[PDB]
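[1] experimental structure below, sequence on top.
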Amino acid sequence: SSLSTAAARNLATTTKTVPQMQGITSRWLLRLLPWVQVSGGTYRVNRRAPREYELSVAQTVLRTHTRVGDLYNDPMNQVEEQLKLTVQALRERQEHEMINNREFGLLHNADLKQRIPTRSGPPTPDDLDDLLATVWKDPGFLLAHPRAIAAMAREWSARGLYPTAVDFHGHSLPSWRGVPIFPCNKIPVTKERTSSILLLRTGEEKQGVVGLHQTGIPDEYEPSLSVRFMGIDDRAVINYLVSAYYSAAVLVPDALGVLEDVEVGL
């Protein structure tokens, strides 16, 4: 019964699948942020000396054995799958740097007048209204941690408020006064169980937060991402350099607002 079935499997093929990554998340900042093309890796912003923006690089070395690249290509190209997973990891760390970097990160490039605290510590609807009023000109969307979103929803339930869920493209999302709320785990949660909420206006024509990249680069794989052969070493390992160029820019101080010290709760 079982032995016969196993023996039969010995002459059959199993259905496998691409390696599955638990880490892969919904990189909402990359999808929502408009991307403006820069030349020479430099972008000038005339602010009321102009600020200079240099493209940062997220790069890594992909090492693949020569045997893997030669033999294991029958059902699917293993070097291509390794490249896809490498690009996915690159995009994840890009999303992390768009928020947490000390040079162009959103959490650190916010004007001191635009950062506001919470009156009591939980993210009450009053704090949401204050955050909305900070960026009062065409507010694009809110970005928060899942714990933060849970905390705001518990304040809504405690106050007897059921906010309408906006339908953004094919996705239904929570919203506050028409402003869609997007979850992002890259936003830090401190050991005191506190986080931050970001309200953004997006667009170059609206003087909002934009993303900076450079498409067209040579040896390009995906837009603004390039893969280059580096060589084979004495142990017969093929090395590839994969590089993605990216930056962020807030055109005017009022395009970004931060609600700070949000008590998400344990």
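    Perfect, I can see it now. Numbers count the residues shown, from 1 in each chain.
[2] C-alpha only now, for contacts and for neighbours.
    Noted.
[3] contact partners for the residue nearest to the spatial centre of the chain?
    In the chain, the residue lying closest to the centroid (Cα atoms, centre = their mean) is residue 95, at 3.1 Å. By Cα atoms under 8 Å, 6 or more residues apart in numbering, residue 95 lies in contact with 27, 29-30, 186.
[4] against residue 135, how distant is it?
    23 Å (Cα to Cα, to the nearest Å).
[5] over to residue 105?
    Applying Cα to Cα, the value for residue 105 to residue 135 is 18 Å.
[6] cool, residue 243 as well?
    Distance from residue 243 to residue 135, by Cα to Cα: 35 Å.
[7] can you name the element that comes right after the lengthiest helix in the chain?
    Within the chain, and with DSSP state H defining each element, the longest helix by residue count is helix 78-100. Proceeding C-terminally, helix 78-100 gives way to strand 115-117 as the next helix or strand, assigned by DSSP states H and E.
[8] what helices or strands is that next one leaning on?
    Counting contacts by 3 or more Cα pairs under 8 Å, 6 or more residues apart in numbering; DSSP states H and E, strand 115-117 is packed against strand 256-263.
[9] so what strands line up beside the strand it packs on?
    Using DSSP bridges, the strands paired with strand 256-263 are strand 115-117 (parallel), strand 194-200 (antiparallel).
[10] now that strand: buried residues?
    Within strand 256-263, the residues that qualify as buried are 256-263, counting by 16 or more other Cα atoms under 10 Å.
[11] again, but for stretch 236-256
    For stretch 236-256, burial by neighbour count (16+ other Cα under 10 Å) applies to 237-240, 242-256.
[12] from these, which land in strands?
    In strands, judged by DSSP state E, the following of the buried residues of stretch 236-256 are found: 237-240, 242-250, 256.
[13] what's the closest of those to residue 57?
    Closest approach between these and residue 57, by Cα to Cα: residue 245, at 4.6 Å.
[14] separation between that closest one and residue 186?
    Look at residue 245 and residue 186: by Cα to Cα, they are 19 Å apart.
[15] sorry, back to before: got the buried residues for the longest helix of the chain?
    78-79, 82-83, 85-92, 94-100.
[16] same thing with stretch 5-14?
    For stretch 5-14, burial by neighbour count (16+ other Cα under 10 Å) applies to no residue.
[17] same deal with stretch 50-63?
    By 16+ other Cα under 10 Å, the buried positions in stretch 50-63 come out as 53-56, 58-63.
[18] for residue 164, give me its contacts.
    By Cα under 8 Å, 6+ apart, the residues touching residue 164 are 174-176, 178.
[19] give me the three-state assignment for it.
    Of the three states, residue 164 takes coil according to DSSP: H, G, I helix; E, B strand; the rest coil.
[20] separation between it and residue 79?
    Going from residue 164 to residue 79 by Cα to Cα gives 46 Å.
[21] doesn't residue 20 lie inside a helix?
    No - secondary structure of residue 20 (three-state DSSP): coil, not part of a helix.
[22] dump the residue contacts of the residue nearest to residue 35 when sequence neighbours are not counted.
    In space, residue 35 comes closest to residue 211 once its chain neighbours are excluded; the distance is 4.5 Å by Cα to Cα, 6 or more residues apart in numbering. Counting by Cα under 8 Å, 6+ apart, residue 211 touches 33-36, 246-249.
[23] my read is residue 211 is in a strand, agree?
    Yes - looking at residue 211 with three-state DSSP, it is inside a strand.
[24] how near is it to residue 7?
    From residue 211 across to residue 7, the span is 57 Å (Cα to Cα).
[25] ok, residue 144 - how many residues close by?
    Residue neighbour count, defined by other Cα atoms under 10 Å, stands at 23 for residue 144.
[26] what sits against it?
    Here residue 144 is in contact with 181-185, 187, 196-198 (Cα under 8 Å, 6+ apart).
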